[PDB]
Amino acid sequence: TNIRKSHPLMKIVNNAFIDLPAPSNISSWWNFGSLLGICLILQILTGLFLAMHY
Amino acid sequence: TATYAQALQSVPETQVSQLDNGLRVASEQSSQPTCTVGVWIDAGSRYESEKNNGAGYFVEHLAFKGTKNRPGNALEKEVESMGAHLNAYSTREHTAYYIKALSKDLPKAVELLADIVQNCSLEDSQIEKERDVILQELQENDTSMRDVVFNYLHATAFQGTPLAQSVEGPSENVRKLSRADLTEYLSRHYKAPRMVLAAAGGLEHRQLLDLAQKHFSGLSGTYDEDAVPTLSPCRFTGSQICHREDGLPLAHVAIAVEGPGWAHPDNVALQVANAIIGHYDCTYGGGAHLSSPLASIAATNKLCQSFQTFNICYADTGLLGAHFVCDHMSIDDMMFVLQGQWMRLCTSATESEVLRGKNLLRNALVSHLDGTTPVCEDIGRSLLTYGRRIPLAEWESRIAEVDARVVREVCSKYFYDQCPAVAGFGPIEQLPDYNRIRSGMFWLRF
Amino acid sequence: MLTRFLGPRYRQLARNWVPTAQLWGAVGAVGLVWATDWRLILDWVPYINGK
Amino acid sequence: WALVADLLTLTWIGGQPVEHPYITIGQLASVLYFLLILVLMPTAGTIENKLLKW
Amino acid sequence: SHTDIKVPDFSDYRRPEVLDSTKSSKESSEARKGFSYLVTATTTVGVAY
Amino acid sequence: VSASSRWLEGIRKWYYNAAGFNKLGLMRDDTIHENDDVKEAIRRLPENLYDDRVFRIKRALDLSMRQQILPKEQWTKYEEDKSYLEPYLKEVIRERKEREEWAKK
Amino acid sequence: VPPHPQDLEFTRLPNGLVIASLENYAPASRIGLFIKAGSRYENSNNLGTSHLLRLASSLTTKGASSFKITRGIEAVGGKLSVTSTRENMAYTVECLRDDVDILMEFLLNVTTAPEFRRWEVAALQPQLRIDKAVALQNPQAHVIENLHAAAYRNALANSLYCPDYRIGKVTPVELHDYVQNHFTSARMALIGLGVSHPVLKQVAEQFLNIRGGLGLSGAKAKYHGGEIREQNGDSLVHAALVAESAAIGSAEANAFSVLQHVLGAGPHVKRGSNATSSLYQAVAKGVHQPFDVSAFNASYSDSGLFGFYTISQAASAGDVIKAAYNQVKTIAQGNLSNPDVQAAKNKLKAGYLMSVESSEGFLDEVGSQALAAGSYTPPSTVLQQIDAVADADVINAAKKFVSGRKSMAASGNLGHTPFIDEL
Amino acid sequence: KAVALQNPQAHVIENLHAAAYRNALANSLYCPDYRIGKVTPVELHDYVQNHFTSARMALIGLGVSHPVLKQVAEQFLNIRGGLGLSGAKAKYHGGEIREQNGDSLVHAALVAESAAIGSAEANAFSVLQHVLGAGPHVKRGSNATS
Amino acid sequence: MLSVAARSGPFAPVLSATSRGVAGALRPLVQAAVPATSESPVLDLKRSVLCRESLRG
């Protein structure tokens, strides 16, 4: 059947941000989790480039 | 009204007597119109060698098939005709033949028992007919997983000892055993000082004695002397025997540590802890609310179809453990929980639960000693294994003495960090590895 | 609402684990002491006076 | 929101020198932060239950 | 017929304290455990150092 | 009975309206936080109540989504608020405490 | 030298209830409440209700929750068991004598204050299936259940086990109704072992005064006849052949009981030839290899079934059944001895005496007697009763079976099992 | 089997036949439950070998030609080594079978031995069937002629 | 001699709290494990015979 569902890697992705059952309910206050994630990679990404010189 | 305590003092004292022979004739009179009489012999399979093995079992098959005075079929005709019941059994250390009969029939009952016990007409035609029968029995016994697992458990626990052997013997012995082989076994074993004439019911001990002298007179009189061995202790090994067979639908597992044996006072406490773990079967009413954590967790998570603790006693040794039946994917969990309970009891038995276990035992004992048969069997066995008959009042006293400290002390001695004897049959892919079963026999917090 | 854990059984349970909890503290004591070479404590121990 | 506001006060204070008004008001916001969490919110909860017949 | 199943002789592998069918393994259980546990005790002590 | 009871009752009716779940068509017991005791009681509800309870909650989640509310007419009037779950929960608590007493002995 | 025994004490309260007690100075106590609530009381709209009931002896009551019933009883190492037959339900309780009060209370609660809560009942339904599966693994049970469904059109045709279509469908209201209309004073008896009459009678007058059910031990079993067949492949064919005989307690019943022992019931000797068994010898003669045969004798409040039961190889069914029948026929035709009726007599009498040797059996005999006869008959008079069976009565019993409309149930590979038509 | 037995008629007619005959015709069109999973390939081989033979066979063609059929028959359907007659012989017996259910509707069939197909008595039964009444002729009718 | 059940023959089921469930009336099987070849399970989707609450010292 469907690859997204059974591939040992995608399963994760799929069950983490694709098929995951979520409340129809959650509002803007729920966006901060993903923004924290974005803040993290951003600090990692720019932070790295800063270390190639600092 | 009469208290429980008082009620124990009311139980008539078992009467003992000895013939100038070695035959101990013991009885317990009651007012019943019925009774049970019999011979308990210190003959088993723990007494046999690798080639005699199956001997006693073979003799039982011949026992009621003809004596010298009562040929081929007459003995039955007599028992049946008076409405009596003739039965027999053999374990690894004991052999019995007993009759259930109307009290007045006590005379003939005994006269018959004696005849069977001494004049066994092992006629070739029959010794031959019995071999196709015993062979058949083995074939059916093979379908009883439970019987197979305890045989396996013995086989490994007692590796290299006679106690390793099964009662019925191996098929090769069943087909090769000679009359000479049987004759020898009887003479070596069925002799006065190793057998007890027991009875329970409406009889007077005098009567019993009269009869013991009347029909059992003339065994070890001009006998005793040379060729009478003692039993050598049996080494317990602590190992595993896994018979893997995915064709069966439920797995049987039997684990045990080495027990002390018959005479050890430690048995009472061991029996109380067992009672706390108890048993379970899928038809038990009350699952989740059961007292035993094993049973309750077992029932709630459907971790098995049944389980039972046990304490099999042999002279100086024994098997102490539990047996269970479960689905292929539950063996691990079941093992974990069972072990968890032993450990818990070893390290932290609470006081309340020990009273339950005690109460369970008093109820089991008293409930078991109900009716002539069980009592006669208790007289006969007790004399063979205690030399005395232990009055309920004393067992109560012994039970009474157990409290929590005793439980966690006595359980620790036998269970804590000891090597189990493990026997597995069925779809046992998930039966834990021995190392891991052994690791579950102690715990790192303690 | 820790009253759920207050009764005879629980009291028996606590006594049963006392020797164990005591011994586990003996292990942690010596454990830190030895691992930091506790000058203060170790001076009392015969043969471990490496000064 | 008192808790939020009280943190905003704490932010403000921490950005000011340890002098005049600021000391004692800074010490007030402190006790408050702890009173609001350790005692006022738990109590309000019990009262709101009581008010619902719960 | 499952009664023909005897456990193979292990004498070839058994510790000397457990060679006799005549005698209890209880007597030497301590010593046998003693031995193997001392081995791990010492190891941990080594790794610790 | 008198002014006194009415005052407490009206203080209660006031909080109720302020709590504001009734605006979402909910009922007091619908807002109860689900724990072990609560899960079991929800489980013991008979078919009808359990069905109604799910639809109520669905109506609300749906509203809380688009952040709308029910017309005033359809709010759930105090008084008219059925504590359907209460008796079940009380019995579930009453059962547990019995095990808990038993566990002390 | 035991003390002289007590006498059983018996009392009929004017409301119908019976009380019986014996003070065996036993260390344990046995209390049982017997009720005419057996499966024959179910009707076509509520089958299996008394099974589910039989299984709910520990659901919550008023004044005792499930958990308490379980923990309370195991705390003293007591037992609570419920046992049924097509006529009675029998709740028995056991424990050491210092604990009868707590066990008596629990008993009263299970039998008189059951709550049957929706969710506890729902949780319990699957147990019917487990319970039935475990029983039906003995071929006899399906057979005897078919035997009865074939023999009667009524009441006694009901089975001890819930029909499969009813598993999961019995309702708490049906349980309430079954108890209300069957667990009443006039259909009840309270038997005590190790307790005292005044305590029993006190308990009875305080808690067992309930009346508002129905009356007689009958809808009335209509005997019908006909047979039921279940193809199987079990290697062994199981079969039972029966006719209407006599109601329990009537004098004809003891004739059947004796006939049963002439023909032959269970074995008396471990692995014997069964020399004194007319049936086993008669089949032996014409059949050489695996088989068992036994006379069968069920007796109820208003009817009874008598015949025999055979287990044989799929190909020997016909021969085993035919020979077995012919042997009864022989006794019906008058070819019965005197030392035979005597031996049978001695097997019956001794068997009875042995049957009430333990407490479990004494209490059950006493309980059932109380329920079927409203009295207690001592062993000496039962022996006298058997003793009054005459050779011709036994011959007549045999005669009645031969000429009466038959009932057969059989399961296995039936390819060689006769139809009735062909007997 | 589950799909067929969901029409009450099927269990009924299967019981009808098991009750009416002691033989052959008593067998059901569907496998007994105890046999599900137990029929063997050798049994299938044997069933075909002793029943799928020339003398127990007929080859019907629609839209084909006689010579092609007959050619096919003579080339591939010349197999004989089974049994012979259309019978072990159905012994009629009688008696009845009852299945408790709770279906709101009770389904029942009452029958007696009648006539073998093709015999003249069979057409009498066939006509009797229409006098008494078989299926409906009109969508939602009173069934006046029944 | 009432007690239809133990008058050996008809069926009697027993449900229990501590002990295992029973089915146990009268018919053969007894003189059948003798003319052998009588298997039986070894605990197939099952229970357990002889049952418990019978011990010793």
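Residues numbered from 1 in each chain as written, not as in the entry; some residues may be left out. Chains lettered and ligands numbered in written order. Part of a larger assembly, values for the part shown. Heavy atoms only, no water.

As recorded in the entry header, the structure was determined using X-ray crystallography to a resolution of 2.40 Å.

Helix and strand content of chain H: four helices and zero strands. If you list the helices and strands of chain H from N to C, you get α-α-α-α. Relative to the globule expectation of 15 Å for 146 residues, the C-alpha radius of gyration of chain H, 21 Å, shows a markedly less compact shape. Here chain H holds 146 residues, and the buried ones make up 8% of them. Of the contacts formed within chain H by residues at least 6 apart in sequence, a portion of 64% connects residues at least 24 apart. Accessible surface computed for chain H: about 12,200 Å², of which carbon and sulfur atoms make up 58%. (Helix = DSSP H or I, 4+ residues; strand = E, 2+ residues; numbered from the N terminus. Rg over C-alpha atoms; globule rule 2.2 N^0.38 Å. Buried < 20%, exposed > 50% of the residue type's maximum accessible area, 1.4 Å probe, protein only. Contact = heavy atoms within 4.5 Å. Areas by Shrake-Rupley, 256 points an atom, 1.4 Å probe, with all protein chains shown as cover.)

This paragraph deals with the interface of chain B and chain G. Every contact between the two is made by 54 residues of chain B and, on the other side, 49 residues of chain G. Counting the surface lost from both chain B and chain G, the interface buries some 4,200 Å², and carbon and sulfur atoms represent 56% of this. Ranking the residues of chain B by area buried against chain G places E80, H289 and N363 of chain B at the top, with a combined share of 16%. Scanning the region where chain B abuts chain G turns up five salt bridges. (Buried area = accessible area lost by both parts, 1.4 Å probe. Salt bridge = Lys/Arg side-chain N within 4 Å of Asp/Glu carboxyl O.)

All right, on to the interface of chain H and chain G then. Taken together, the seven residues of chain H in the interface contact eleven residues of chain G. Interface area for chain H against chain G, summed over the two sides, is near 740 Å², with a carbon-plus-sulfur share of 49%. Ranking the residues of chain H by area buried against chain G places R22, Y34 and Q100 of chain H at the top, with a combined share of 65%. Scanning the region where chain H abuts chain G turns up two salt bridges. Along the contact surface separating chain H from chain G lie five residue pairs in polar contact. Counted by class, the side of chain H that touches chain G contains one nonpolar, four polar and two charged residues. (Polar contact = N/O pair within 3.5 Å; in protein donor to acceptor, adjacent residues only side chain to side chain. Nonpolar A, V, L, I, M, F, W, Y, C, P; charged D, E, K, R; others polar.)

Our focus in this paragraph is the pairing of strand β10 (residues 317–326) of chain B. Residues and elements named next belong to chain B. In terms of burial, β10 is largely enclosed, as ten of its ten residues are buried. Sheet analysis places strand β7 (residues 251–259) next to β10, joined by nine bridges and oriented antiparallel. In the strand pairing of β10, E258 is matched with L319. As judged from the nine bridges shared by strand β9 (residues 306–314) and β10, these two strands associate in the antiparallel manner. (Pairing = 2+ DSSP bridges.)

A word on the sheet that holds strand β8 (residues 236–244) of chain G. Residue and element names in this part refer to chain G. Taken in spatial order, the five strands line up as β7-β11-β8-β10-β9 in an open sheet, and their pairing is mixed. The open sheet has two edge strands with one neighbour each: β7 (226–231) and β9 (291–300). Each strand of the sheet is rotated relative to its neighbour by a mean of 10°, with strand direction disregarded. In the sheet, β8 pairs with strand β11 (residues 406–412) via six bridges, with the strands oriented antiparallel. By the bridge assignment, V242 is partnered in β11 with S407. In this fold helix α9 (residues 251–263) packs onto β9 and β10 (303–313), with an angle of close to 170° to the strand it touches most, β9. Contacting β9 and β10, helix α10 (residues 278–286) crosses the sheet at an angle of about 145° to β9. (Axes fitted to C-alpha atoms, helices over the stretch in contact; angles between N-to-C directions.)

The next thing to look at is the side chain of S407 of chain G. Residues and elements named next belong to chain G. Relative to the helices and strands, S407 is located in strand β11. Looking at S407, its side chain comes within polar contact range of the side chain of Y223, at 3.0 Å. The contact partners of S407, leaving out residues within four places of it in the chain, are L147, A150, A151, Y223, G225, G226, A240, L241, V242 and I420.

Residues and elements named next belong to chain B. Spatial ordering of the open sheet is given by β1-β5-β2-β4-β3, a layout of five strands whose pairing is mixed. In the strand order of this sheet, the two ends are held by β1 (24–29) and β3 (85–90), each with one partner. Averaged over all pairs of adjacent strands, the angle between their axes in this sheet comes to 15°, without regard to strand direction. Inspection of the sheet shows strand β2 (residues 34–41) paired to strand β5 (residues 195–201) by seven bridges, in the antiparallel sense. Note on β5: the bridge partner recorded for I41 is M195. Sheet strands touched by helix α2 (residues 55–63): β3 and β4 (95–102). Its angle to β3, the strand with the most contacts, is close to 170°.

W40 and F307 of chain B are the most contacted members of the largest nonpolar core, which has 79 residues in total. Residue contributions to this core peak at nine residues, all from helix α12 (residues 331–348) of chain B. Both domains that furnish three or more residues to this core are identified here as domain 1 (14–227) and domain 2 (239–442) of chain B. With near-sequence residues (within four places) excluded, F307 of chain B lies in contact with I277, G278, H279, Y280, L294, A295, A298, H323, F324 and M334 of chain B together with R20 of chain I. In this structure, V25, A43, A63 and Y97 of chain B belong to the second largest nonpolar core, which totals 56 residues. (Core = buried A, V, L, I, M, F, W, Y, C linked by side-chain atoms within 4.5 Å. Domains from an automatic or database assignment.)

Looking now at the packing of α9 of chain G against helix α12 (residues 339–355) of chain G. The description of two packed helices rests on the angle between their axes and on the distance between the axes. Residue and element names in this part refer to chain G. Packing of α9 against α12 brings their axes to within 8 Å, and their N-to-C directions diverge by 105°. Judged by the inter-axis angle, α9 sits roughly perpendicular to α12. In this structure, α9 contributes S257, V258, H261 and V262 to the contact, and α12 contributes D340, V341, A344, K345, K347 and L348. The class makeup of the residues in the contact of α9 with α12 is five nonpolar, two polar and three charged. (Parallel < 35°, antiparallel > 145°, perpendicular 65-115°, else oblique.)

All names here are of chain G. Segmenting chain G into domains produces domain 1 (1–211) and domain 2 (223–423). Computed over C-alpha atoms only, the centres of domain 1 and domain 2 are separated by 29 Å. Contacts between the two partners involve 38 residues from domain 1 and, on the opposite side, 35 residues from domain 2. Regarding the contact of domain 1 and domain 2, the summed buried area is about 3,000 Å², with carbon and sulfur atoms giving 70% of it. A per-residue breakdown of the area domain 1 buries against domain 2 is headed by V143, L147 and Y152, which together make up 19% of the total. Close ionic contact of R40 with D302 constitutes a salt bridge, the shortest N to O distance being 2.8 Å. Run the count over domain 1 and domain 2 and you get ten residue pairs in polar contact. Considering each element in turn, the side of domain 1 that touches domain 2 owes the most residues, eleven residues, to helix α6 (residues 139–151). Looking at the side of domain 1 that touches domain 2, its residues break down into 21 nonpolar, nine polar and eight charged.

Turning our eyes to something else, we now look at the packing of aromatic side chains. Applying the stated rule across the entire model yields 32 aromatic pairs over all chains. Here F150 of chain B and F310 of chain B contribute two aromatic rings whose centre-to-centre distance is 5.1 Å and whose plane-to-plane angle is 65°, an arrangement assigned as edge-to-face. Here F310 of chain B lies in strand β9 and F150 of chain B lies in helix α6 (residues 145–157), a separation of 160 residues in the sequence. Exposure class is identical for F150 of chain B and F310 of chain B. Each is buried. Through successive ring pairs, a cluster of aromatic residues spans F256, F306, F308, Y325 and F401 of chain G. Looking at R9 of chain C, its charged tip hangs above the ring of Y10 of chain C, at a distance of 4.9 Å from the centre. (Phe/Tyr/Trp six-rings, centres within 6.5 Å; stacked < 30°, edge-to-face > 60°. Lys NZ or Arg CZ within 6 Å of the ring centre and 35° of its normal.)

A few words now on the pattern of salt bridges. Applying the stated criterion across every chain, the model contains 63 salt bridges over all chains. Of the charged contacts in the structure, one is a salt bridge between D62 of chain F and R66 of chain F, with a shortest N-O distance of 2.7 Å. On the criterion of helical spacing, the pair formed by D62 of chain F and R66 of chain F is a turn pair, its members being four residues apart in helix α4 (residues 47–66). By relative accessible area, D62 of chain F is classed as partly exposed at 30%. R66 of chain F gets classed as partly exposed once you look at its relative accessible area, which sits at 47%. In this structure, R97 of chain G and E23 of chain G form a salt bridge, with 2.5 Å as the shortest nitrogen-oxygen distance. Here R97 of chain G is found in the loop between β5 (89–96) and α3 (100–112), whereas its partner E23 of chain G is found in the loop between β2 (18–22) and β3 (28–35), with 74 residues between them in sequence. The pair formed by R97 of chain G and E23 of chain G is uniform in burial state, with each residue classed as buried. The network of salt bridges with shared partners includes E40, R43, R44, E91, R94 and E95 of chain F together with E115 and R117 of chain G.

In this assembly chain B lies apart from chain D, the nearest approach of their C-alpha atoms being 29 Å. Nothing in chain A touches chain H; the tightest C-alpha to C-alpha distance between them is still 27 Å.

Trans is the prevailing form of peptide bonds, just as negative phi is the prevailing case for residues other than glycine. In the Ramachandran plot, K89 of chain H falls in the positive-phi region, its phi being about 90° despite a non-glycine side chain. With respect to the helices and strands, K89 of chain H occurs in the loop between α3 (66–76) and α4 (120–132). Positive phi, close to 90°, is recorded for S3 of chain I, a residue that is not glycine. By relative accessible area, which is 3% here, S3 of chain I ends up buried.

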